[PDB]
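**Q** Before I ask anything, here is the structure I am working with.
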Amino acid sequence: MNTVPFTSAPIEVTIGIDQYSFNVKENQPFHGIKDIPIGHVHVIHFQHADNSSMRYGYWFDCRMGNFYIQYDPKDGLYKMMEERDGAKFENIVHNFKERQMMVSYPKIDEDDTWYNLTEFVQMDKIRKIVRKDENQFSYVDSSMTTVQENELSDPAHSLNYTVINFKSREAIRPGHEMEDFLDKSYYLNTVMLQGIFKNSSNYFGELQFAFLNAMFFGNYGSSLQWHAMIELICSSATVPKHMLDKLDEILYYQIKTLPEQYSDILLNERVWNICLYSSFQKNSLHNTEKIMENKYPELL
Amino acid sequence: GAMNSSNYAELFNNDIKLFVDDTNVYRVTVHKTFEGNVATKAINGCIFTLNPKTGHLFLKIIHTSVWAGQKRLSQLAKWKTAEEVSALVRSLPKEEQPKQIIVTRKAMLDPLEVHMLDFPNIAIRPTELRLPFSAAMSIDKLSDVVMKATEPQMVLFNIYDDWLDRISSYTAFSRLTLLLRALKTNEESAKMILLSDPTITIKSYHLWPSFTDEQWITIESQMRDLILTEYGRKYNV
């Protein structure tokens with residue numbers, strides 16, 4: 001089990017780690033998060049007590065180095081940093097544990113929620129979407145735009161999501177305007193899966209990365225990407241049986257995990273009514289249909 | 001986006017534009033089967049593509065052969081319309097190509113957008129106007145060429161005859177719509193008004209009678225009356 005230590009907590013902030021969250025008071029003696037499960041990506045995220053605008057955070061994998069958080073009072077945010085000196089880091093970490101100024105990643109043993117939300121997300125892929133290759137961890141926030149949004153505005157700080165556009169020549173074969181636009185199977189299976197993502201795993205990795213950015217940072221652009229990647233499978237008459245079964249499972253946990261009071265802004269009435277009720281896959285998402293109907297019947 | 005009465009003069013400026021009306025693309029007679037069920041029998045249709053400035057009507061005759069062994073035909077018809085508009089655009093020299101195409105029905109926005117992905121400098125626009133282009137098959141010479149067609153085919157008409165030699169587009173378009181609105185409200189009365197004087201003939205290459213300026217006014221007056229009569233009767237008002 002791994003640990004992300006904090007130098008200090010100089011400003012009052014709500015700290016998140018994956019689906020968990022802790023209030024830290026201004027200059028509370030907080031020195032980080034311990035017992036972080038090895039084997040998955042994690043996200044540590046921040047909302048300042050004062051400016052509840054700009055939620056921000058850091059995607060990391062503890063296998064890829066020793067990471068800590070330090071408040072920067074010039075730039076006014078909690079910064080993730082790599083400690084290259086390993087012995088200095090063991091030493092920093094063991095002190096704070098003995099003094100018990102660290103909260104423990106609070107994992108219920110029966111609970112597989114995080115695995116289920118990050119199953120296909122891999123740090124190698126996150127770093128291609130968020131390009132800053134001199135760090136082994138990726139900074140995301142609420143206001144960061146997507147490469148697509150930037151088309152329709154600083155390229156360094158974009159989210160580089162795979163562009164998906166139902167009304168593009170990428171999506172529409174010359175001579176199959178009607179076939180390709182009402183059954184998006186070629187766009188899904190040949191252009192995106194065979195062509196760009198290579199396999200279903202990488203496709204689901206980006207879908208899941210996009211949802212979590214939508215949920216944890218209310219990143220509008222990530223919400224659109226999640227919806228777009230859901231609509232492309234739902235509007236494809238031809239999809240492998242396993243992708244539908246895994247999609248049903250992916251959506252189930254994302255719908256289950258959503259805060260009850262954010263359906264208004266994170267869920268797109270049209271895409272869901274279409275996926276669940278009108279699309280080719282109206283009868284392929286039993287689990288997602290059941291939870292959506294029982295938990296958000298207002299939307300449909 | 002959409003076109004209304006606030007930006008009406010746009011239709012008569014010098015950007016090449018066409019209206020597309022697909023109402024008459026897919027036409028069926030509904031009939032009884034021997035077993036007492038219902039069946040449709042498709043009859044030839046046409047795409048109404050009109051340049052409102054020049055009066056050029058690119059009338060694409062949709063022959064019943066295009067529907068043979070096809071499913072979900074009212075949906076195919078929107079896409080067959082989009083294919084045909086695309087092809088006509090592609091067959092025209094660059095300087096003849098429209099800067100805008102205005103669809104009279106919103107269900108054509110996507111089928112046409114998708115067929116014109118190659119023409120991203122052509123704006124596909126809906127309208128909030130209630131244009132009477134559905135009544136184009138009440139024009140005798142247009143109904144004849146459509147019903148007689150044994151194959152797909154396309155006839156350049158000029159739906160303003162020689163009017164532009166005496167009047168502006170604005171006025172010609174208003175006269176056209178006033179006649180189509182009449183024909184659509186009461187085809188019988190509308191057409192009785194147009195041919196009650198045998199002395200006034202239709203030129204071979206024309207659609208409408210050769211009316212003098214005075215005769216148009218008297219025809220235009222008679223057409224406005226007809227449209228109120230039928231409204232006060234539709235509604236009892």
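Ordering of the structure tokens sets the chain letters (A, B, ...), residue numbers begin anew at 1 in every chain, and ligands are numbered from 1 in the order given.
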Please return, as a JSON list (two decimals) with N, CA, C and O atoms, in the first residue's frame, all residues of range 67-155 of chain A that DSSP assigns to strand (DSSP E) on the basis of the backbone.
**A**
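Result written to out08.json:
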```
[["chain", "number", "residue", "atom", "x", "y", "z"],
["A", 67, "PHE", "N", 5.32, 10.40, -5.01],
["A", 67, "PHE", "CA", 4.62, 11.67, -5.25],
["A", 67, "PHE", "C", 4.17, 12.25, -3.91],
["A", 67, "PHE", "O", 3.82, 11.52, -2.99],
["A", 68, "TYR", "N", 4.19, 13.56, -3.81],
["A", 68, "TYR", "CA", 3.70, 14.29, -2.62],
["A", 68, "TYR", "C", 3.01, 15.55, -3.11],
["A", 68, "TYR", "O", 3.15, 15.88, -4.30],
["A", 69, "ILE", "N", 2.26, 16.18, -2.22],
["A", 69, "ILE", "CA", 1.54, 17.46, -2.47],
["A", 69, "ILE", "C", 2.20, 18.55, -1.61],
["A", 69, "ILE", "O", 2.50, 18.32, -0.42],
["A", 70, "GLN", "N", 2.38, 19.72, -2.22],
["A", 70, "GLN", "CA", 2.89, 20.91, -1.53],
["A", 70, "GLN", "C", 2.12, 22.09, -2.06],
["A", 70, "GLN", "O", 2.07, 22.22, -3.29],
["A", 71, "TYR", "N", 1.57, 22.89, -1.17],
["A", 71, "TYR", "CA", 0.87, 24.15, -1.50],
["A", 71, "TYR", "C", 1.89, 25.12, -2.11],
["A", 71, "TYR", "O", 2.96, 25.27, -1.53],
["A", 72, "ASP", "N", 1.60, 25.71, -3.28],
["A", 72, "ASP", "CA", 2.40, 26.83, -3.85],
["A", 72, "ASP", "C", 1.64, 28.12, -3.61],
["A", 72, "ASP", "O", 0.57, 28.36, -4.15],
["A", 77, "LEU", "N", -2.20, 27.02, -5.48],
["A", 77, "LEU", "CA", -2.87, 25.70, -5.54],
["A", 77, "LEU", "C", -1.98, 24.64, -4.90],
["A", 77, "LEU", "O", -0.80, 24.95, -4.60],
["A", 78, "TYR", "N", -2.56, 23.49, -4.59],
["A", 78, "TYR", "CA", -1.85, 22.29, -4.09],
["A", 78, "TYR", "C", -1.19, 21.66, -5.30],
["A", 78, "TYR", "O", -1.90, 21.44, -6.27],
["A", 79, "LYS", "N", 0.13, 21.48, -5.25],
["A", 79, "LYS", "CA", 0.90, 20.97, -6.40],
["A", 79, "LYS", "C", 1.35, 19.55, -6.11],
["A", 79, "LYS", "O", 1.85, 19.28, -4.99],
["A", 80, "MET", "N", 1.14, 18.65, -7.07],
["A", 80, "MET", "CA", 1.77, 17.32, -7.02],
["A", 80, "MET", "C", 3.22, 17.46, -7.49],
["A", 80, "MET", "O", 3.50, 18.19, -8.48],
["A", 81, "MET", "N", 4.11, 16.77, -6.81],
["A", 81, "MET", "CA", 5.56, 16.80, -7.11],
["A", 81, "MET", "C", 6.13, 15.39, -6.92],
["A", 81, "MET", "O", 5.59, 14.63, -6.10],
["A", 82, "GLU", "N", 7.12, 15.02, -7.72],
["A", 82, "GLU", "CA", 7.86, 13.75, -7.53],
["A", 82, "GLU", "C", 9.10, 14.01, -6.65],
["A", 82, "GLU", "O", 9.83, 14.99, -6.89],
["A", 103, "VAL", "N", -4.63, 10.68, 6.89],
["A", 103, "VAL", "CA", -5.90, 9.91, 6.77],
["A", 103, "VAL", "C", -5.62, 8.67, 5.93],
["A", 103, "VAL", "O", -4.73, 8.73, 5.04],
["A", 104, "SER", "N", -6.36, 7.61, 6.18],
["A", 104, "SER", "CA", -6.15, 6.27, 5.59],
["A", 104, "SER", "C", -7.19, 6.05, 4.48],
["A", 104, "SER", "O", -8.37, 6.14, 4.81],
["A", 138, "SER", "N", -0.80, 13.68, -14.19],
["A", 138, "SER", "CA", -1.55, 14.56, -15.10],
["A", 138, "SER", "C", -2.46, 15.47, -14.27],
["A", 138, "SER", "O", -3.24, 14.95, -13.45],
["A", 139, "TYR", "N", -2.30, 16.79, -14.45],
["A", 139, "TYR", "CA", -3.19, 17.86, -13.92],
["A", 139, "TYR", "C", -4.42, 18.01, -14.82],
["A", 139, "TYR", "O", -4.22, 18.20, -16.02],
["A", 140, "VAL", "N", -5.62, 17.94, -14.22],
["A", 140, "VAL", "CA", -6.96, 18.27, -14.81],
["A", 140, "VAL", "C", -7.68, 19.28, -13.88],
["A", 140, "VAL", "O", -7.38, 19.28, -12.64],
["A", 141, "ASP", "N", -8.55, 20.14, -14.46],
["A", 141, "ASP", "CA", -9.52, 20.99, -13.73],
["A", 141, "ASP", "C", -10.84, 21.16, -14.50],
["A", 141, "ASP", "O", -10.99, 20.62, -15.59]]
```
**Q** Give the residues of chain B that lie within 7 Å of chain A; count only C-alpha atoms, and format the answer as a compact mmCIF listing (two decimals) with N, CA, C and O atoms, in the first residue's frame.
**A**
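Written file, part-v9.txt:
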```
# COMPACT_ATOMS: atom_id res chain seq x y z
N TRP B 79 -33.60 11.18 -47.62
CA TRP B 79 -32.20 10.85 -48.01
C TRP B 79 -32.03 10.81 -49.54
O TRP B 79 -30.97 11.24 -50.00
N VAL B 114 -25.40 15.95 -44.37
CA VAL B 114 -24.54 14.73 -44.47
C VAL B 114 -24.13 14.50 -45.93
O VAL B 114 -22.96 14.15 -46.16
N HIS B 115 -25.06 14.66 -46.87
CA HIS B 115 -24.78 14.52 -48.32
C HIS B 115 -23.87 15.68 -48.80
O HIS B 115 -23.20 15.49 -49.85
N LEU B 117 -21.32 17.13 -46.86
CA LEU B 117 -20.07 17.25 -46.05
C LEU B 117 -18.94 17.81 -46.92
O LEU B 117 -18.12 18.56 -46.38
```
**Q** Please identify all polymer residues within 9 Å of residue 201 in chain B, counting only C-alpha atoms, omitting same-chain residues fewer than 4 positions from it, and present them as JSON, numbers by chain.
**A** {"B": [195, 197, 208, 209, 210, 211]}
**Q** Store the residues picked out above, limited to N, CA, C and O atoms, as a compact mmCIF listing (two decimals), in the first residue's frame.
**A**
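Contents of selection23.txt, as written:
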```txt
# COMPACT_ATOMS: atom_id res chain seq x y z
N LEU B 195 -58.23 29.96 -65.66
CA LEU B 195 -58.67 29.62 -67.06
C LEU B 195 -60.17 29.86 -67.33
O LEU B 195 -60.72 29.07 -68.11
N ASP B 197 -61.25 32.59 -68.86
CA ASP B 197 -61.17 33.40 -70.11
C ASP B 197 -60.31 32.67 -71.14
O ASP B 197 -59.08 32.78 -71.13
N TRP B 208 -47.95 29.42 -66.59
CA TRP B 208 -49.09 30.31 -66.25
C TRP B 208 -49.61 31.01 -67.49
O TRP B 208 -48.86 31.21 -68.45
N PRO B 209 -50.88 31.46 -67.52
CA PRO B 209 -51.40 32.25 -68.64
C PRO B 209 -50.56 33.51 -68.93
O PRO B 209 -49.94 34.02 -68.03
N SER B 210 -50.55 33.96 -70.18
CA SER B 210 -49.91 35.24 -70.59
C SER B 210 -50.83 36.42 -70.21
O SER B 210 -51.52 36.94 -71.06
N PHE B 211 -50.88 36.77 -68.93
CA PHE B 211 -51.72 37.89 -68.41
C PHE B 211 -50.98 39.21 -68.67
O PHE B 211 -49.75 39.27 -68.48
```
**Q** Within 6 Å of range 124-136 of chain B, counting only C-alpha atoms, which residues show up once you throw out same-chain ones fewer than 4 positions away? Write them as a list in words, please.
**A**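 Residues meeting the cut-off are residues 1, 2, 3, 4, 23, 100, 101, 102, 103, 106, 180, 181 and 184 of chain B.
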**Q** Please provide as a PyMOL selection string all residues within 9 Å of range 263-276 of chain A, with the sequence filter that same-chain residues fewer than 3 positions apart are discarded (counting only C-alpha atoms).
**A** chain A and resi 211+214-215+218+220+223-224+227-228+230-231+233-235+258-260+279-286+288-289+296+299-300
**Q** Excluding residue 213 in chain A and residues on its chain fewer than 6 positions from it, collect all residues at most 12 Å away from it, counting only C-alpha atoms, and give them as a ChimeraX atom specification.
**A** /A:18,42-45,55-59,117-118,126,129-130,138-146,159,161,206-207,219-226,254,266
**Q** Tell me, which residues of range 12-184 of chain A carry DSSP alpha helix (DSSP H), written as a PyMOL selection string?
**A** chain A and resi 86-98+113-118+123-129+147-151+177-182
**Q** Residues near residue 152 in chain B, anyone? I mean within 7 Å using only C-alpha atoms, not counting same-chain ones fewer than 2 positions away, as a PyMOL selection string.
**A** chain B and resi 61-63
**Q** For a test of reading the model, state the distance in Å between CA of residue 45 in chain B and CA of residue 73 in chain B, rounded to one decimal.
**A**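 CA of residue 73 in chain B lies at a distance of 12.6 Å from CA of residue 45 in chain B.
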**Q** Could you check how far CA of residue 30 in chain A sits from CA of residue 6 in chain A, in Å to one decimal?
**A** 7.0 Å
**Q** Can you tell me how far CA of residue 49 in chain B sits from CA of residue 22 in chain B, in Å to one decimal?
**A** 8.8 Å
